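Here is how the chains run, residue by residue.
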Amino acid sequence: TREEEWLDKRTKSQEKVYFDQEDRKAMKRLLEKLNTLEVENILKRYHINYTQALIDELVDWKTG
Amino acid sequence: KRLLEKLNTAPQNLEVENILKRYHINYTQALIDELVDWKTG
């Protein structure tokens, strides 16, 4: 017999769901607002899609 | 002058290739040769 806990959980649960969606929109809006290296060039010449991880290894491979 | 006139006239390839394998990206000998030359440069 604990109804106070029931209301407390309902409050935290619904608030999280509501603001969780708002967090997504907030990131998209601020990201769109903010929108408006040797290994990087060589790979672009070969028009090969390169991930950030691959760039790190090649740089480490040279320095190492 | 005479000696001056006379002077005037693989593993790294495997390392880079293995890396390109892990990312399953298309690799060509020209790219590997340049990266190898890029390492020495």
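Residues numbered from 1 in each chain as written, not as in the entry; some residues may be left out. Chains lettered and ligands numbered in written order. Part of a larger assembly, values for the part shown. Heavy atoms only, no water.

Structure determination for this entry, per the PDB record, employed cryo-EM and reached 2.7 Å resolution.

Turning our eyes to something else, we now look at the packing of aromatic side chains. Scanning the entire structure with this criterion turns up one aromatic pair over all chains. Taken together, a centroid distance of 5.3 Å and an interplanar angle of 85° make the contact between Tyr18 of chain A and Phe19 of chain A edge-to-face. When the ring centre of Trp38 of chain B is taken as origin, the NZ or CZ atom of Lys62 of chain A, which lies over that ring, is 4.9 Å away. (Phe/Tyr/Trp six-rings, centres within 6.5 Å; stacked < 30°, edge-to-face > 60°. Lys NZ or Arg CZ within 6 Å of the ring centre and 35° of its normal.)

By volume, the largest cavity is sized at about 40 Å³. Residues belonging to the lining of the largest cavity are distributed by class as follows: seven nonpolar, two polar and no charged. (1 Å grid on protein atoms, 1.4 Å probe; cavity = no way out; pocket = protein on both sides within 12 Å on 5 of 7 lines; lining within 4 Å. Points joined across faces, edges and corners; volume = space filled by probe spheres on them. Nonpolar A, V, L, I, M, F, W, Y, C, P; charged D, E, K, R; others polar.)

Quick look at the packing of helix 3 (residues 52-63) of chain A against helix 2 (residues 11-22) of chain B now. Their axes nearest at 11 Å, the elements helix 3 of chain A and helix 2 of chain B cross at an angle of 165°. It follows from the interaxial angle that helix 3 of chain A and helix 2 of chain B lie roughly antiparallel. In terms of crossing hand, the pair formed by helix 3 of chain A and helix 2 of chain B is right-handed. Every residue of helix 2 of chain B that contacts helix 3 of chain A at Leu54, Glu57, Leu58 and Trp61 of chain A is listed here: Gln12, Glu15, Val16, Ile19 and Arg22 of chain B. Residues that form the contact of helix 3 of chain A with helix 2 of chain B fall into these classes: five nonpolar, one polar and three charged. (Axes fitted to C-alpha atoms, helices over the stretch in contact; angles between N-to-C directions. Helix = DSSP H or I, 4+ residues; strand = E, 2+ residues; numbered from the N terminus. Parallel < 35°, antiparallel > 145°, perpendicular 65-115°, else oblique. Left-handed = near helix turned anticlockwise from the far one by under 90°. Contact = heavy atoms within 4.5 Å.)

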